[PDB]
Every structure is written in C-alpha cells, then in structure tokens.
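FYI, side chains are in, hydrogens and waters are out, and symmetry mates aren't considered; it's all heavy atoms of this structure. Start at 1 with the first residue, then count along the sequence.
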Amino acid sequence: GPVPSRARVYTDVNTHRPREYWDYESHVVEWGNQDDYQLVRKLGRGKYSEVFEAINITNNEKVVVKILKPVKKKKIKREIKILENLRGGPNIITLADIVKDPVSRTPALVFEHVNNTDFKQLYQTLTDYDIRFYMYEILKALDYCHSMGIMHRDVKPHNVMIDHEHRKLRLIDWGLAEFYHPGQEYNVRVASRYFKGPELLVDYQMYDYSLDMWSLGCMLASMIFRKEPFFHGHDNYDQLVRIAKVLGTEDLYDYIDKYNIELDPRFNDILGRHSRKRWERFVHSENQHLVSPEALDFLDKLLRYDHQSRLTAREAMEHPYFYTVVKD
Ligand SMILES: COc1cc(/C=C/C=O)ccc1O
C-alpha cells in the first residue's frame, strides 16, 4: 500500500480544537433575513453556485450574494463552517450573513463586497513590485487558514479577488476547502486542472496544506513568466507530463517511489524521459523585468513534486523575494 504522510506543520490543530470546530455535519446554521438583500446583477455562474451583486437595504451597502446550487448538505455546511471559523482572518473573504433563498430553496451566502479589478487587466499590468506585494497578501491568507486547520484546495487566479485601487486582496470560494486531519484520505478531484498538485495527479490521497503551495507556485510562474496558465495540460494526464517536462522525470520517479505510489500505466507511452530544467530557460525580453534571482529561488522552492518538501506559507513569508515589499 501507499506510504503514509503527515503535514510538517499545524498537524494537530483540529485534534486539540473542540469537536464543534471541525465537526461541520453537526453545525446549526443561523439564518438572517432574506428580505434584507436585493439582487442587482448576476456576476457569474460556477459549477456550484450563482453569484450576484446585491444591496443590503439595511445599510444601502453593496454585498455579494452567492446562491448555492443543490449539493449535499454536508458540502454546504462544510463551506459555511469553514467561513465562520476563518472570519476576520487576514485577507479571508468575510461572510456577513446566510439566508434561505425562496426560489432556489438553497442557502444564499452573503459576503462583503470587493470592487475587484478584473483579472485580465490585472495580470497584464501588475509590476514586479505588485506581484511581490500581492503574493505576500495571499500568503497571509494561506498561513491563516492552514494555522486554523483548513486547506483551501482551489487556489487559482479567479479565486483571488483584488481591488487594485485600494491594494486590497481577498481569497474567495471556500466551497472545496477541507479540515486537515492527520492520516485522513481526501478526494483528489479538487482544484482546477492547471493548479492541481502532483499528489492529485498521481492519485495520492493523504495530502495536506502543502497542496495550496503548489497551486500558489503555479500562479507565481504564470505571473513572472507571463504565461497563463503555466502548466497548460489538455487533460489530467497531459497535465503531469507538462510538469515532468520542466521538473524532470527522474525526480517524479523519486517522488512516487518515496510514497510507494504507482503511475497509471497509461503514462507508459506518453510520459517519456525528461531532464530537470533550469528556470532561466523561461526568461525572455518580455518578462525579464518580473524575474529576479530571488523570484526564481522562491518559485523553485514552491514547485516541488514532494509535497513534504515545499515551503510552508510561513516559510514562504520569510523568503528574500519579499524583502523589498514594504511591511505594514
Ligand atoms: C464563487 O465564490 C465566491 C465568490 C465571491 C465574489 C465574487 C465576485 O465577483 C465571494 C465569495 C465566494 O465564495
């Protein structure tokens, strides 16, 4: 069988929390007044929700209303409990209210409004300094949720809302987030394809917070190299091949051998043999202003096959890449 794995940090946070903290199945939802919120315009529709701009008519302030699609009460209660546990934490989207939508017959989550700069304008204009600044802000959110026994499991650009005018960042959509329990096996069908960690792609279920750090690395690579997404697989198998063409196949085999994992035999005729590449290979005249020795070393230390080898969020915040960022 597969060799077991443990997070190297925050391993026992939920063990020593009261049961009510992580036992979300027993959570009792406290419902607000549905008539407090007037929907204004539909912002989007995801796999699991529809999102609206709304007005809270008790303060005439803008809010965001997320009307959940019908899914298991436990996935719904999981997201609600996680949002309540993390509320007030650094750069965590703030759940303001929960109401029963009378049309959908499902919960509608009410969030603080973030006047986000749309993401294409963002990624084509962010400066070297901007990238460092916002990466640090994401790390605050991730260290917070990891320290609170929670992994996000869907870190990607669309879940990082940035109001560039006020230099304000919020990590959103905690619908895939889970509580970390040592030894627990998790669903590997999480995260967007391009941001899936190698653990997911080789079906290793005993993963942890470090999954989010791979996803973060993929975001960083896309920003400093101006290639979005960075690892652009056509499916989940090709996704691992794309990663292997960069990190090399010998270290992939070291990884799966360490945990006594076997690759899907369908890799036998698509994987090939690949050397590990130096990150300088991806530098060119159109991205070089975003690249520094510090950026490349930081990236290098996020994108490891071995989830146990990646920087933690706290270690990442110590990295020289952030020395130039003004600390508040
Ligand atoms: C999709 O999930 C979310 C979206 C937003 C805001 C979106 C604004 O366009 C806030 C919290 C969420 O969980």
Side-chain angles (χ1 to χ4, degrees), residues 89-93 114-146 152 154-173 191-192 194-197 209-232 242-243 246-247 277-304 310-328:
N91 297 335
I92 310 298
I93 196 69
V114 177
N115 195 350
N116 63 306
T117 320
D118 196 45
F119 299 97
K120 307 314 177 162
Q121 176 166 311
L122 273 180
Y123 275 36
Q124 239 149 24
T125 67
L126 287 187
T127 63
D128 176 33
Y129 188 83
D130 286 336
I131 293 172
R132 305 192 196 211
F133 180 88
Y134 285 127
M135 282 286 298
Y136 196 78
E137 293 303 304
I138 299 171
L139 285 167
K140 289 177 185 175
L142 291 178
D143 185 53
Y144 188 71
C145 70
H146 298 166
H152 186 278
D154 200 23
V155 169
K156 61 179 180 175
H158 264 302
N159 285 339
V160 180
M161 297 273 286
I162 294 170
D163 183 346
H164 197 29
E165 175 172 350
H166 306 270
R167 301 211 100 188
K168 169 180 165 189
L169 184 149
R170 296 291 184 269
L171 182 55
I172 62 161
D173 205 349
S192 156
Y194 309 132
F195 303 90
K196 291 171 181 287
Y209 317 109
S210 54
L211 170 62
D212 294 332
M213 302 304 297
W214 177 273
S215 303
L216 187 67
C218 295
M219 294 189 49
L220 180 65
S222 71
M223 298 177 307
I224 70 176
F225 293 135
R226 296 234 292 206
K227 180 181 188 305
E228 212 283 326
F230 187 69
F231 297 115
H232 204 168
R242 299 305 180 114
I243 292 166
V246 179
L247 277 60
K277 307 310 187 295
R278 306 185 197 268
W279 291 108
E280 286 83 2
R281 158 190 281 244
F282 305 104
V283 180
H284 51 64
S285 60
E286 284 67 56
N287 66 23
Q288 69 189 32
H289 63 290
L290 303 176
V291 178
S292 59
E294 291 79 11
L296 296 185
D297 181 64
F298 178 49
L299 180 64
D300 188 53
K301 288 166 163 52
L302 295 174
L303 296 181
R304 318 303 305 182
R310 302 174 198 147
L311 294 179
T312 67
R314 200 63 194 261
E315 291 181 306
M317 300 177 65
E318 301 287 292
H319 195 279
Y321 182 61
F322 300 107
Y323 287 174
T324 196
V325 175
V326 167
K327 303 313 186 311
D328 299 16

Can you name the nearest heavy-atom pair linking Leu303 to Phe231, along with the distance? CD1-CE1, 4.0 Å
Is it true that a side-chain atom of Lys196 and a backbone atom of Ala191 form a donor plus acceptor pair closer than 3.5 Å? yes
Check the pair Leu126 / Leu290 against side chain to side chain contact (heavy atoms under 4.5 Å, CB included), numbers first and verdict last. CA-CA 9 Å; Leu126 287 187; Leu290 303 176; over 6 Å; no
Before you tell me yes or no, could you show the steps for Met135 and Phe322 under side chain to side chain contact (heavy atoms under 4.5 Å, CB included), namely the whole-Å CA-CA distance, both residues' side-chain angles and the distance that decides it to 0.1 Å? CA-CA 9 Å; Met135 282 286 298; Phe322 300 107; 3.8 Å; yes
Step-by-step side chain to side chain contact (heavy atoms under 4.5 Å, CB included) determination, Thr125 to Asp130: CA-CA 9 Å; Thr125 67; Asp130 286 336; over 6 Å; no
Test log, rule side chain to side chain contact (heavy atoms under 4.5 Å, CB included), inputs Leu142 and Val155: CA-CA 10 Å; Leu142 291 178; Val155 169; 4.1 Å; yes
Quick one: does any side-chain atom of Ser192 pair with a main-chain N or O of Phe195 as donor and acceptor, under 3.5 Å? no
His158 NE2: over 12 foreign heavy atoms closer than 6.0 Å: no
Distance (rounded to the nearest 0.5 Å) between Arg226 CZ and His289 NE2: 5.0 Å
State whether a side-chain donor-acceptor pair under 3.5 Å links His166 with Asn115. no
Under 3.5 Å: donor-acceptor pair, side chain of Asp173, backbone of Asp154: no
Got a second to check how far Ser222's OG is from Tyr123's OH, nearest 0.5 Å? 5.5 Å
From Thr117 atom OG1 to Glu165 atom CD, the distance as rounded to the nearest 0.5 Å: 8.0 Å
Got a donor-acceptor contact below 3.5 angstrom from the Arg310 side chain to the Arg304 backbone? yes
Give the ring-plane orientation class for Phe230 versus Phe282, where under 30° counts as parallel, over 60° as perpendicular and anything between as tilted. perpendicular
Just so I know, are the side chains of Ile93 and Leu171 near enough to count as touching, which here means a heavy-atom distance under 4.5 Å? no
Just checking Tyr134 against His164, ring centres under 6.0 Å apart? yes
Compute whether any side-chain donor of one residue and acceptor of the other, for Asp143 and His146, lie under 3.5 angstrom apart. no
Closest heavy-atom contact between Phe119 and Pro157? CE2-O, 3.1 Å
Expected output: side-chain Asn116 to main-chain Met161 donor-acceptor under 3.5 Å: no
Side-chain contact, heavy-atom cut-off 4.5 Å: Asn91 with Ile138? no
Within the side chain of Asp300, is there an N or O that forms a donor-acceptor pair under 3.5 Å with the backbone of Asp297? no
Stepwise salt bridge (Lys or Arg N to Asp or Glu O under 4.0 Å) check, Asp163 with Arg167: CA-CA 6 Å; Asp163 183 346; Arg167 301 211 100 188; over 6 Å; no
Locate the shortest heavy-atom distance separating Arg132 from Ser292; write the atom from each residue and the value. NH2-OG, 3.5 Å
What are the two closest non-hydrogen atoms of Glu294 and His319, and how far apart are they? O-CE1, 3.3 Å
CD of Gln121 to CD1 of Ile162: how many Å apart, nearest 0.5 Å? 12.0 Å
